[PDB]
RNA sequence: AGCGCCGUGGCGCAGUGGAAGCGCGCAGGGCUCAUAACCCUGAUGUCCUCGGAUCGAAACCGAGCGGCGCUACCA
Ligand SMILES: [Mg+2]
Ligand SMILES: [Mg+2]
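Protein chains in written order, with the entry's author numbering: chain i, 11 to 14, 23 to 117; chain X, 50 to 97; chain l, 127 to 149, 157 to 207, 209 to 249, 252 to 270.
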């Protein structure tokens, strides 16, 4: 089946960080975004079953300017960029996740 | 004829990963509500 | 004749303004650490002080609320379990509501005492005797 | 106040008269391509305090402590 430190990425112009609250089905998920929203995130292609995610993982999420209650993932962090951005406080301190 | 109730992006089927720009539109003639695709790449921002 | 009632009421109000100019506002913000499998609470000593509460009784009450196990490390509580800071904050809120400050009147200077084997509470500002143990 | 119970290894039971126990937990390993299941190895103790017969007690007993249930408010 298998034979068949990268630079962290920052939010910008309609894009931010989110905290997965519950894992939905069919490739959906819900993310509490650090804007005051409990948005729903869809998993994009080239990433759907390319990177595996889990509840409790900081997520880089692109938004939909034409649809404010829906959003889609662009990138997932391996718990190191999360602690980093927490130290620089990019995401509000009211959301603390560690492991 | 109809009126755009709002604008949405609906996700494609299984073998194709992409989001297609569509519009939730209310029909004038009978009152029923439906959804409509918008072709021609740069035209959701034309909808208003 | 209720005239000699208002004067001693005035005397009491002057007593109150003399003794207690400030008339809790001294709860340390419970900044916790949820390290996945682990949880570390450093503020446990500070909340022990600012509430005038001995550490062992507070930590055993925390363990009695939630059936989770760990140790005490260092001036901190290291519990290996899963809890958001909101829920442990809530548990501390309950303990604050019903132990550090009495429901009937605003006070906090009361502390643990042992009046014929349980923990019987008494106050200092007042002189209360209430049987709060469980 | 007296009597019935007890004194953890993180737990519950225990043999309590040779001196550290069993399962549940936790760390680690094994099997498997891999996971779970299964299989092996473990470090944890003043087995609560003080004295006593005893080669020797954690165990057998008693001059104190703590926590449990009743007698029940025992001027
Ligand atoms: Mg190759
Ligand atoms: Mg997508």
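Beta carbons are placed, not taken as given, at the ideal position from N, Cα and C, and that holds for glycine.
Asked, Found
"How should residue 137 of chain l be labelled, buried or exposed, when 16 other C-beta atoms within 10 angstroms of its C-beta is the threshold for buried?", "exposed"
"Using a C-beta to C-beta distance shorter than 9 angstroms, which residues of chain X count as neighbours of residue 93 of chain i?", "In chain order: nothing, as chain X lies at least about 16 angstroms away."
"Residues of chain X with a CB under 9 angstroms from the CB of residue 85 of chain i: which are they?", "55, 56, 57, 58"
"Measure the C-alpha to C-alpha separation of residue 78 of chain X and residue 72 of chain i and round it to an integer number of angstroms.", "47 angstroms"
"Indicate the three-state DSSP secondary structure (helix, strand or coil) for residue 206 of chain l in the structure shown.", "strand"
"What are the boundary residues of the beta strand (DSSP E) that residue 113 of chain i is part of?", "Residue 113 of chain i -> no beta strand (DSSP E), and no H or E assigned at all."
"With three or more C-beta pairs closer than 8 angstroms as the rule, is the segment 95 to 107 of chain i touching the segment 65 to 75 of chain X?", "no"
"Specify which residues have a beta carbon nearer than 5 angstroms to any heavy atom of ligand 2, listing them in chain order.", "i/60, i/62, i/90"
"In this structure, how does DSSP classify residue 257 of chain l when only helix, strand and coil are distinguished?", "strand"
"Please confirm if residue 82 of chain i has its CB atom under 7 angstroms from at least one CB of chain X.", "yes"
"Output the distance between the C-alpha atoms of residue 64 of chain X and residue 164 of chain l, rounded to the nearest integer angstrom.", "47 angstroms"
"Scan the segment 57 to 68 of chain i for residues whose Cβ lies nearer than 8 angstroms to a Cβ of chain X and list them as they occur along the chain.", "60, 62, 63, 64, 66"
"Ends of the beta strand (DSSP E) at residue 78 of chain X?", "That residue, residue 78 of chain X, is in no beta strand (DSSP E); it is neither H nor E in DSSP."
"I need the straight-line Cα distance from residue 249 of chain l to residue 40 of chain i, nearest angstrom please.", "50 angstroms"
"Run through chain l and tell me which residues come within less than 7 angstroms of residue 96 of chain i, C-beta to C-beta.", "Result: empty, since nearest Cβ-Cβ is about 13 angstroms, beyond 7 angstroms."
"Three Cβ pairs or more, each shorter than 8 angstroms: is that satisfied between the segment 172 to 185 of chain l and the segment 138 to 146 of chain l?", "no"
"Just verifying my parser: in three-state terms, what is the DSSP assignment at residue 190 of chain l?", "helix"
"Can you grab the Cα-Cα spacing for the pair residue 80 of chain i / residue 89 of chain i, in whole Å?", "6 angstroms"
"Name the chain l residues whose beta carbon is nearer than 8 angstroms to that of residue 31 of chain i?", "Going along chain l, no residue has its Cβ under 8 angstroms from residue 31 of chain i, so there is no contact; the nearest lies around 31 angstroms."
"Look at the alpha carbon of residue 279 of chain l and the alpha carbon of residue 185 of chain l, and state the distance between them as a whole number of angstroms.", "Nothing can be reported for residue 279 of chain l, as the shown portion of chain l is limited to 127 through 270."
"Do you know offhand how far residue 207 of chain l's Cα is from residue 93 of chain i's?", "37 angstroms"
"Return the bridge partner residues of residue 51 of chain X from the DSSP annotation.", "X/76"
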